[PDB]
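Structure of the sequence below:
(one chain, ligands or ions: 2)
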Amino acid sequence: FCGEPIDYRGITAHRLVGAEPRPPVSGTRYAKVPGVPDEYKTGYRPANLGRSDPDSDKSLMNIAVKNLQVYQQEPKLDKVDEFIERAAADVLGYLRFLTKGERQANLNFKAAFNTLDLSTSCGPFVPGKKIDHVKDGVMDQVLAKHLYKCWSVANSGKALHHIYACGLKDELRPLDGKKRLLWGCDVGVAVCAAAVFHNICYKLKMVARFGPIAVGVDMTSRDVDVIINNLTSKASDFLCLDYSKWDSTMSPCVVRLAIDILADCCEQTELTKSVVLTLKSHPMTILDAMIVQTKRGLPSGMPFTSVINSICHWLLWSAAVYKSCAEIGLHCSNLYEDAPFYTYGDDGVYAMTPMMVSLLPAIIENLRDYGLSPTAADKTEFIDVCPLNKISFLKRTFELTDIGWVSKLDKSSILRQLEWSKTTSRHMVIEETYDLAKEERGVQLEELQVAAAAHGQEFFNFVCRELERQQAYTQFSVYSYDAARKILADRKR
Ligand SMILES: [Mn+2]
Ligand SMILES: [Mn+2]
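Residues are numbered from 1 along each chain as shown. Ligands and ions are numbered 1, 2, ... in the order given. Dropping the coordinates below:
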């Protein structure tokens, strides 16, 4: 499905042949709640500013093309080294011990399809969402044709087309031109990968509180306590990192190793063989009538992105320390055990041993030399160690209460839910909306109270003062401070 080469702004692309075009969705679902006082505003804006961005050139196709260029750059690492190889042995030993040596069964078709959520686009080959083809309990003709072919091919062990549908992620971003792309996965790759990786990932999700892979953790529960106790079980210094341009710069050799590691304890069938071969191949994406090939990166819509990304992080964080130990003449090993750490995509929190604190400059540089761009989680200061009462993970800070440990979403994330609302219609600019009397907004604004309560009565009151004004716009309840506080407590215990 590549025809004749395109050359526009510096991307290597081709005219889409053999498939229908997949035009990206313009505009944004987000719109402004009317009458919001200025003290509640935080400065965030939709990623697709539209005609609210003065530069006329900043059109969707240009923006997407600009952000795709990055993925066509040659990767930092061409091959994995000895420290990443050491770290891979750790992950392998963690999984082999988790699974008790037993291989995880493939799901059959029905079970795998059932794991896909109804509201997901079907990828570049089938229009609409999953649910637009599975109405009266059964699949329609188009989806079934496509899914039977993919399933047949995959069970013969041959790889599938690792193709996605391109677009701009519709989300709120600060006032600063990098912007996240949408990698809408082909439904056939999705079902096949779900058949192969769901059982091992279900097992990982149960054991998420212990980590290192945090995918599945519940930041509102006792999970938080086991996360924190574990961090302080071996150290009294910590590191909180986030990474810029993570997805877009990931090296194939690392991604490929992550996939091999995750499939190691899977049932060794032809379907697994096919899924491994598919996800390991350089992913392509269809912008409109153009198909674009990549040279680096991990598509954030790859089936099981979070876990696979989390293995990459484990590999790279553990190698960076191991490399830094080697330079000082030390052999370091078993990092995840000796210095417990957690990982959720590009987000991580690590225990720092005295030796590791001393090796901090060399570790950040070793992270740089693997192609990553580390930054402090506390998005204000430089990278340094941060104490117990300062740790940050998954946009949440922590506080030791009588009901164990308690997590607080950063105040801005709460506040922006008062300023913005994810409407069901596309807006071509920043503007206000009155279509706010929806059940989904209601459950969001009641939940927002439980979120705010964690910051104290004064913040709760500040938020509720605006929430009480929005009760004319949305059918919902405003709890008392005590009532909300009882909900946090109930969610733990
Ligand atoms: Mn980041
Ligand atoms: Mn992050």
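
for the residue in the stretch 51-200 of the chain positioned nearest to ligand 1, what are its contacts?
At 9.9 Å from ligand 1, residue 180 is the closest residue in the stretch 51-200 of the chain, using C-beta to the ion. Just so you know, the C-beta spots here come from the backbone N, C-alpha and C atoms, and that holds for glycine as well. By C-beta atoms under 8 Å, 6 or more residues apart in numbering, the contact set of residue 180 is 47, 67, 168, 169, 171, 247, 300.

Quick check on residue 258: phi, psi?
phi -50, psi -50 (degrees, to the nearest 10).

tally of neighbours for it?
26 (other C-beta atoms under 10 Å).

Give me the three-state assignment for the residue of the stretch 101-250 of the chain found nearest ligand 2.
Across the stretch 101-250 of the chain, no residue is closer to ligand 2 than residue 242, which sits at 4.4 Å (C-beta to the ion). State at residue 242, reduced to three classes by DSSP: H, G, I helix; E, B strand; the rest coil: strand.

number of nearby residues for it?
19.

Which residues of the stretch 201-350 of the chain lie near ligand 1?
242, 243, 346 (C-beta under 5 Å from the ion).

Pretty sure the second one sits against residue 375.
Right, the one you point to is residue 243. Yes - the pair residue 243 and residue 375 passes the contact test of C-beta atoms under 8 Å, sitting 6.8 Å apart.

List the beta-bridge partners for the residue in the stretch 101-250 of the chain that ligand 1 sits nearest to.
Going by C-beta to the ion, ligand 1 is nearest to residue 242 of the stretch 101-250 of the chain, at 4.5 Å. Judged by DSSP bridges, the bridge partners of residue 242 are residue 375.

show me what contacts it?
Residue 242 neighbours (C-beta under 8 Å, 6+ apart): 346, 347, 348, 374, 375, 376, 377, 379.

What number of residues are in the vicinity of residue 112?
Residues lying near residue 112 (other C-beta under 10 Å) number 22.

sorry, that was for residue 55
Residue 55: 9 surrounding residues under other C-beta under 10 Å.

Contact partners for the closest residue to residue 246 other than its chain neighbours?
Nearest residue to residue 246 in three dimensions, chain neighbours excluded: residue 346, at 3.8 Å (C-beta to C-beta, 6 or more residues apart in numbering). Neighbour list for residue 346: 242, 243, 246, 247, 309, 313 [criterion: C-beta under 8 Å, 6+ apart].

among these, who's most crowded?
Busiest of these [other C-beta under 10 Å] is residue 313, holding 27 neighbours.

Count the neighbours of the residue lying closest to residue 468 once chain neighbours are set aside for me.
Nearest residue to residue 468 in three dimensions, chain neighbours excluded: residue 478, at 5.8 Å (C-beta to C-beta, 6+ apart). For residue 478, the neighbour count with other C-beta under 10 Å is 16.

Determine the three-state secondary structure at residue 478.
coil.

was I right about it contacting residue 464?
Yes - assessed by C-beta under 8 Å, residue 478 is found in contact with residue 464 at 5.8 Å.

Pull up the overlap in contacts between those two.
residue 449.

re earlier: possible to save the contacts of residue 242 as a markdown table with distance to residue 491?
Putting the contacts of residue 242 into a markdown table (distance: C-beta to C-beta, whole Å) gives the following:
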| residue | distance to residue 491 |
| --- | --- |
| 346 | 27 |
| 347 | 22 |
| 348 | 25 |
| 374 | 32 |
| 375 | 31 |
| 376 | 29 |
| 377 | 24 |
| 379 | 27 |
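
Tell me which two of the residues you listed sit farthest apart.
Across these, the longest distance by C-beta to C-beta is 14.8 Å; it joins 348 and 379.

These two: which has the busier surroundings?
residue 348 (25 against 10).

so how many other residues sit close to the nearest residue to that one once chain neighbours are set aside?
Nearest non-adjacent residue to residue 348, counting by C-beta to C-beta, 6+ apart: residue 241, 5.3 Å away. Other residues within reach of residue 241, judged by other C-beta under 10 Å, total 22.

what does residue 419 give?
Neighbour number of residue 419 under other C-beta under 10 Å is 20.

How about residue 465?
Residue 465: 13 surrounding residues under other C-beta under 10 Å.

Which neighbouring elements make contact with the helix or strand hosting it?
In this structure, residue 465 sits in helix 457-467 according to DSSP states H and E. Helices and strands touching helix 457-467, by 3 or more C-beta pairs under 8 Å, 6 or more residues apart in numbering; DSSP states H and E, are helix 411-419, helix 439-453, helix 481-491.

which residues touch the last one?
Contacting residues not belonging to helix 481-491 are listed as 220-221, 403, 406, 449-450, 452-454, 457, 460-461, 479 [C-beta under 8 Å, 6+ apart].

among those residues, which two are most distant?
Spatially, the most separated pair among those is 221 and 461, at 25.8 Å (C-beta to C-beta).

Narrow the contacts of helix 481-491 to those that are buried.
Using 16 or more other C-beta atoms under 10 Å as the burial test, the contacts of helix 481-491 include 220, 221, 406, 449, 450, 452, 453, 454, 460, 479 as buried.

Skipping its backbone neighbours, what lies nearest the third one in space?
Spelled out, it's residue 406. Among residues not flanking residue 406 along the chain, residue 399 sits closest, at 5.1 Å (C-beta to C-beta, 6+ apart).

which ones are touching the closest residue to residue 368 other than its chain neighbours?
The spatial neighbour of residue 368 that comes closest, neighbours along the chain excluded (C-beta to C-beta, 6+ apart), is residue 374 at 7.4 Å. Going by C-beta under 8 Å, 6+ apart, residue 374 touches 241, 242, 243, 364, 367, 368, 383.

Residue 374 and residue 396, how far apart?
19 Å (C-beta to C-beta, to the nearest Å).

same thing with residue 481?
For residue 481, the distance to residue 396 - C-beta to C-beta - is 20 Å.

now swap in residue 68 and tell me
According to C-beta to C-beta, residue 68 and residue 396 sit 32 Å apart.

picking up where we left off before, which one of the contacts of residue 374 is nearest residue 34?
residue 242 (33.6 Å).

residues in the stretch 301-450 of the chain within reach of ligand 2, list them.
346, 347.

same thing but 8 Å
344, 345, 346, 347 (C-beta under 8 Å from the ion).

Is the second one in contact with residue 246, as I believe?
Yes - contact status for residue 345 versus residue 246: in contact at 7.4 Å, counting by C-beta under 8 Å.

Mind listing the shared neighbours of these two?
With C-beta under 8 Å, 6+ apart as the test, residue 345 and residue 246 both reach residue 309.

Now tell me what touches stretch 402-417 from outside.
Counting by C-beta under 8 Å, 6+ apart, 40-42, 44, 172, 219-220, 222, 224-225, 228, 395-400, 444-445, 448, 451-452, 454-455, 459, 463, 488-489, 492-493 sit against stretch 402-417.

Tell me the buried residues in it?
Buried residues in stretch 402-417 (16+ other C-beta under 10 Å): 404, 405, 406, 407, 408, 409, 411, 413, 414, 415, 416, 417.

Also compute the angle for the helix or strand encompassing the third one relative to helix 457-467, please.
Read that as residue 406. Element membership for residue 406 (DSSP H and E) is strand 404-409. Orientation check (axes from the mean of the first three to the mean of the last three C-alpha atoms, to 10 degrees): strand 404-409 against helix 457-467 gives 40 degrees.

Thanks a lot, catch you later.
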